[PDB]
Each structure stands twice: as C-alpha cells, then as structure tokens.
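This report refers to the structure that appears directly beneath it.
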Amino acid sequence: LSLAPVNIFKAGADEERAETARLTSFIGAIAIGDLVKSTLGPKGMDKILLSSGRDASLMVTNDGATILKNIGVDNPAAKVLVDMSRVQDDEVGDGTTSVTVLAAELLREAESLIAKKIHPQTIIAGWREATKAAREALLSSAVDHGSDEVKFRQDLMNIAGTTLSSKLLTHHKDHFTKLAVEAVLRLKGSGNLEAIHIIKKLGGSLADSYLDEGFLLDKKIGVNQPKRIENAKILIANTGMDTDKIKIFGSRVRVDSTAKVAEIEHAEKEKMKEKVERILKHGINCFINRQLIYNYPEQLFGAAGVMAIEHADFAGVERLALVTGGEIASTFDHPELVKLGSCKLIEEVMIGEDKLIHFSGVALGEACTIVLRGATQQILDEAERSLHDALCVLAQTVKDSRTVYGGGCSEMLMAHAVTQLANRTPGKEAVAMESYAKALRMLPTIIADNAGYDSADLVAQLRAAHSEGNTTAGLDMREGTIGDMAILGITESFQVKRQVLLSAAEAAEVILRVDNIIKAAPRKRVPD
Amino acid sequence: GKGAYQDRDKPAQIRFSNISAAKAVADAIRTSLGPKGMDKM
Ligand SMILES: Nc1ncnc2c1ncn2[C@@H]1O[C@H](COP(=O)(O)OP(=O)(O)O)[C@@H](O)[C@H]1O
Ligand SMILES: Nc1ncnc2c1ncn2[C@@H]1O[C@H](COP(=O)(O)OP(=O)(O)O)[C@@H](O)[C@H]1O
Ligand SMILES: [Mg+2]
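Taken in sequence, the protein lines are chains A and B.
Sequential numbering of the first sequence, starting at 4, is according to the UniProt record's numbering.
Sequential numbering of the second sequence, starting at 20, is according to the UniProt record's numbering.
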C-alpha cells in the first residue's frame, strides 16, 4: 500500500515519481516568472527587499537579476532559473527579466501538451527545429552599421535611451543618455569597463549628476604641502616607504655598546634620504604612491615643494596611469627609461561636505569618474545599478556593431518564422512548434498589459502586419497605438536578443527532461 | 468601453500601506516645529 514494503532510503530522504515531479518542477518555475513579470517594459513597477537576518538591509531594485539572487528559494527546479539569470547579467548585463519570463512561458505551454498524451521527447525534438528557424530569421533582419560616424553615434544614442526606460532614470532620460554615451567613447575601443569609477554621495537632486572632464580622487595630501600646482609632472610609483625597506633576510644587530646602536639608527635615516633624492632626479612635483608614507619622507617632499598622495589602492593607480599617461615606477635607478604623466591644474574641490583632488586638463583621459547625487540612499544605489546596465550594453555594440529593431518588433518577427514552419512539418511536432510561437508573442503582451492597454487587440494588429510585409512594425508606448520602429527610434543590441533565445531554450530543455526528483537528508543546523 | 479589468489587489493594498506609514511619521514630529515647539527626550 505504501511506497514498496521494504525500506531503501534513510530517514528524512524523499523521492518523487513521474506524475508528481512534473507537478513540482512546473509550479516552481511559473512562480519565479510571475513575481518578475511586473517589472517588464517601459511602465514596469518596482519592488522592496528586506533582509531578516542581515541587520535589516533595505534595498530597492528593479532588475530581474538582483531580485532572484536575494530571494531564498528551496525549490529544486526554481534554482535553475536563478542560476541562468546570473549568467545573463555576467555576460551582457541586460535582458535578465526577459530571459526568465520567456523560459517560464515555455514551461507553462508544455504542461498542457503533456495532458494531451504527448511524449516529452516529442516536444523537445519539435522545439529544436523551432529555435533554429527563429535564429535564422533574426540574423537576416539585423542592420550592420559603423562605416559612418554620424550614423554610428545616432545608433548608440537610441540604444542608451531604450535601456534606461524601465529604470528610475527614465525621468531624466535626456540628461543621462549623454553621460552614458560619452563615457563609453572615452575608452577608445578598450572593453575595460572598470576604468569608469562611479562615485556616489548623498545630497542634491538626481539632476545634479555630471561627468567630470578630468579625474577625481578621494584621498588627502600631506601636511603643509602645496594645495595647487599648475602644469604638474606626475610620477606614479609603487614602492615601500613604510618605516624603511626591511631588506628581507634573517639579519640582526649584535653590537656591544649603546653608541654603536645610535650609529646604526642614523644609518637608516640616511638610507631614506638617498631614496628620496633619487626620486627628485626625475624633475617632478607630484609624487603618487600606493602605500603609506611616514612622517620622515613626508617632510622631505614638503621642503622641496612636492605633492605626495599616500594610500591609493590598485583601483586608483591603474586608473591614473590611463588618464595622465605615466607609468607605475619602482627601483628608481634610470630616470631616462621612465615616462612621466602630465596635467594642467590640480586643485581641491568641495562636493557636499568632502574634499577631493581634482585633475583639470589631461593628456589622454582614457578613464573618468561620474558623480551621482540623490535624495535617499536607495536612489543612489539604484542609479548606480541602472547606469551599469547602460555601460555594459554599449561596450558590446562597439565590438559587434549590428542592431535589431526592438519594442516588440523582434519578438513578432521570429514568431512568424516558426508559424510558417509549423504549417509544413507533418506529425505531432506541428503542435509542439505552435507552442514555441505562442510563447514568443506573450512578451509584447506583458508590455502592453502593464500600461493598461487593450493587449488582445494590439497583438492581433501586430501579427496581421508582420505576415503581409511590414517588418518594422512595433508597439508605440507613448500613445498606445501601433507605430514604426525605424522612425521613433526603438533599437536594441543583436547580441542581447540572441542570448535570450539560446538561454531560454536550454533551461526549458533541461527542466523538461526531468522525471524523478531525489532528495537527500538535509544537513541539520545546531540550535545550541 | 469597459475593458482593462484589474484582477490583482496586492498593488492597491501596498500603495495604501505606504501612505499610512509615512503619514504617521509626519504626525509624530508635528509638535516640535516653530518657535513654540516643545522637545522630545
Ligand atoms: N521606449 C520603449 N518602447 C517600447 N518598448 C520598449 C521601450 N524601452 C524598452 N522596451 C522594451 O522593454 C523590454 C524589456 O526591457 P527592460 O525591462 O528595460 O530590461 P530587460 O530587457 O532586462 O527586461 C525590451 O525587450 C524592450 O524591447
Ligand atoms: N520668531 C518666529 N516667528 C515665526 N515663525 C518662525 C520664527 N522663527 C522661525 N520661524 C519659522 O518656523 C519654521 C520651522 O522652524 P523650526 O521648526 O524651528 O526648524 P526647522 O526649520 O528645522 O523645521 C521656519 O520655516 C521659520 O520660518
Ligand atoms: Mg533591460
């Protein structure tokens, strides 16, 4: 009467057979895609996350990658969709909400097909011919640019104003689009997104943010050292000025008189003087170090009129070698094989209540800093998080410059290619192919559902316009009607839409093949 | 026209629970304001 008279497993271990395992994996995946659906589209809403054990850290976010990383799920099939969402954020940085909704709509349409007595291996084999016919019809519809500067710049402005839409930055979209497109062109083709330092601080409105022409450092200068020096020659170094060079051996002093100790002590103090004099042979007036500088060499730099900046980590030394143009130097033995930096004015600025070192007038300027101002701490965190999605997707368009019309036009495009294929192949796979084309057409439905429009009427108009020739038709969310995509300026990235189909089709394939869930005995937690 | 049925009451009851929480904090420090406001300890 029970699950076999004999006992195979231990106490606390559970097993699920075919008819109940499909029930757990299908309600677990739909639950994930229902919480996230509300944050999709230009008019998506926003969530609140409170921690119960992490000292009550209140964070407010919109993207569907930080929400899943925070929600603690115990469902085995819901952990796959949280992992695939993290990989999307770490690959292209945009499209986490769309990859989870699509992979959750494929599973919903695969439960009504099992109820029609269709083997799961039939659905999977029928979906493989649907993804192949969908990625061919998207590549053929891409517009390759980059041969003209006046055209490539207009393509990057449209991408930036499309990503910032669902995010809190959409209020000041005209201002944060120029800060997001100019900071990427400063990299001069290098994909090093770490070079952009986002400094956030309280006070001021969201409209007070700007992109500084030079550089900013949150460090301090030594005592009684010049605050400003015009036409500086910066030397970037990484050398140990702490106490003295310890000279790592197993050595010790074994003198027999206390006067001989005083002579050795005077030998250390003349060791650091020689090191400082070898630095000054370069003819500099701005020494920058990545370690601490003690009280002896601090006065030696201040007697010759040299600015010393101490305790700047790797993040602030690698960046300063790309801005001014110097090199990270050590051993100070050949002044002719080293290259110095350059500036035009260095001063101290007052942003709020803190002082920062300002670099006005630079040679290269391959790295920059962005100053974010806001009312609350949650706005600063969300502005930084949203701005990072604009920089990540603009670093991909420069390497692979081809764009695909978005705003619902791309989803209906691939959905029509599957329909024409499903009307050709005989057998049961014609039923499985229509489900794939049915799941792609609900992405535009959710966008129009959040805005309160008649979704069932707009999809019918789009499907009828995409089967007659109009390949650029899409949703117009500012009015509620149907508008062209090549006129309004709704543009996306080709790599982002390609990674959504391939990721959401693999996760729906791994989950669908499962027919037995075996759970081990959970590790118990010691209460006392 | 009578479309756009709203089948979810969670957003309505949450937006109303934010109003009552914020309005309650403003009522707490209303007394200490102006040249004749008292002090809290
Ligand atoms: N101004 C707009 N008009 C119409 N559709 C838009 C607009 N901006 C964004 N979208 C659409 O909203 C969808 C979701 O974007 P969003 O929620 O911002 O990030 P994610 O792509 O990670 O979900 C995209 O597929 C895009 O086509
Ligand atoms: N002598 C006064 N007579 C009338 N109004 C005053 C007087 N002094 C201050 N106020 C007003 O009281 C308002 C609130 O001040 P108060 O509650 O003391 O501190 P806060 O400005 O931080 O709220 C101010 O906007 C000011 O115009
Ligand atoms: Mg996005």
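For each residue, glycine too, the CB sits at the ideal point set by N, CA and C.
According to DSSP, simplified to helix, strand and coil, what is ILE287 of chain A? If DSSP states are grouped into helix, strand and coil, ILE287 of chain A belongs with coil.
Below 8 Å on the Cβ atoms is my guess for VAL421 of chain A versus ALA137 of chain A; work out the distance and round it to an integer in Å. Indeed they touch by this definition, with Cβ atoms about 6 Å apart.
Under 7 Å by beta carbon: chain B residues contacting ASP457 of chain A: Going along chain B in sequence order, the residues near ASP457 of chain A (Cβ under 7 Å) are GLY22.
Taking the Cβ atom as the reference point for each residue, do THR125 of chain A and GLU437 of chain A lie within a distance shorter than 8 Å? no
Would you report the Cα separation of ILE373 of chain A and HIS200 of chain A, rounded to the nearest angstrom? 6 Å
Would you check whether ligand 3 has a heavy atom nearer than 7 Å to the C-beta of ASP392 of chain A? yes
Does the Cβ of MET415 of chain A have 16 or more other Cβ atoms within 10 Å, making it buried, or fewer, making it exposed? So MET415 of chain A ends up on the buried side.
Would you list, in sequence order, the uninterrupted alpha helix (DSSP H) runs of no fewer than 4 residues that lie entirely inside the segment 87-134 of chain A? 99-117
Given that a residue counts as buried once 16 or more other Cβ atoms are within 10 Å of its Cβ, and exposed if not, what is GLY455 of chain A? Counting Cβ neighbours within 10 Å, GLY455 of chain A comes out exposed, since fewer than 16 surround it.
Identify which residue in A:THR261, A:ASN292 and A:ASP457 has its Cα closest to the Cα of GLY20 of chain B. A:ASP457
In chain order, what residues have a CB nearer than 5 Å to some heavy atom of ligand 2? B:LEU52, B:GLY53 and B:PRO54
Are the beta-carbon atoms belonging to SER363 of chain A and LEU348 of chain A less than 8 Å from one another? Less than 8 Å divides the Cβ of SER363 of chain A from the Cβ of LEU348 of chain A.
Please confirm whether any heavy atom of ligand 1 lies closer than 7 Å to the CB of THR99 of chain A. yes
Simplified DSSP state of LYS522 of chain A, which is helix, strand or coil: strand
Restricting to Cα atoms, I'd like to know which of A:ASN241, A:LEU323 and A:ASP336 is closest to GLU277 of chain A. Nearest C-alpha to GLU277 of chain A: A:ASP336.
Alpha-carbon to alpha-carbon, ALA467 of chain A and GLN91 of chain A: 32 Å
Closest to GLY225 of chain A by CA distance: which of A:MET244, A:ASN298 and A:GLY430 is it? The alpha carbon of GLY225 of chain A has as its nearest neighbour, out of A:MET244, A:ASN298 and A:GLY430, the alpha carbon of A:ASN298.
Residue of A:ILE267, A:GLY308, A:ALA210 and A:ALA315 minimising C-alpha distance to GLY243 of chain A: A:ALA315
Using 8 Å for Cβ pairs, my map puts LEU491 of chain A next to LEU343 of chain A. What's the rounded Cβ distance? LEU491 of chain A to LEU343 of chain A, Cβ: 50 Å. No contact.
Could you tell me how far apart the beta carbons of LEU359 of chain A and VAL365 of chain A are, in whole angstroms, since I believe they sit closer than 8 Å? With 8 Å as the limit, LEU359 of chain A and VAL365 of chain A do not qualify as a contact, their Cβ atoms being about 16 Å apart.
Would you mind working out which of A:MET160, A:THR27 and A:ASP86 sits nearest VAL401 of chain A, comparing C-alpha positions? A:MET160
For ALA183 of chain A, the nearest candidate out of A:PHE497, A:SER389, A:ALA80 and A:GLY129 (CA to CA): A:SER389
Since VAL407 of chain A and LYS500 of chain A are thought to touch, with beta carbons under 8 Å apart, how far apart are those beta carbons, to the nearest angstrom? 6 Å
Take the Cβ of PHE179 of chain A as the centre, count every other Cβ of all protein chains shown within 10 Å, and call the residue buried at 16 or more, exposed below. buried
In terms of DSSP beta bridges, what is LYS50 of chain A paired with? A:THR64
Cβ-heavy atom distance between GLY410 of chain A and ligand 1 below 7 Å? Distance from the C-beta of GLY410 of chain A to the nearest heavy atom of ligand 1 is below 7 Å.
Check whether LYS50 of chain A and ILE70 of chain A have beta carbons under 8 Å apart: Yes, the Cβ-Cβ distance between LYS50 of chain A and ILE70 of chain A is below 8 Å.
Tell me whether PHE304 of chain A is buried or exposed, calling it buried when 16 or more other Cβ atoms sit within 10 Å of its Cβ. By the beta-carbon neighbour count (other beta carbons within 10 angstroms, threshold 16), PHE304 of chain A is buried.
Where do the N-terminal and C-terminal ends of the beta strand (DSSP E) with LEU375 of chain A fall, by residue? 371-377
So is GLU266 of chain A buried or exposed if we call it buried at 16+ other beta carbons inside 10 Å? exposed
For the beta strand (DSSP E) that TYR408 of chain A lies in, which residues bound it at each end? 405-408
Is the segment 441-452 of chain A in contact with the segment 166-179 of chain A, if contact means three or more CB pairs nearer than 8 Å? no
Burial state of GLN25 of chain B (16 or more Cβ within 10 Å): So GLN25 of chain B counts as exposed.
Coil, strand or helix - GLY319 of chain A by DSSP: helix
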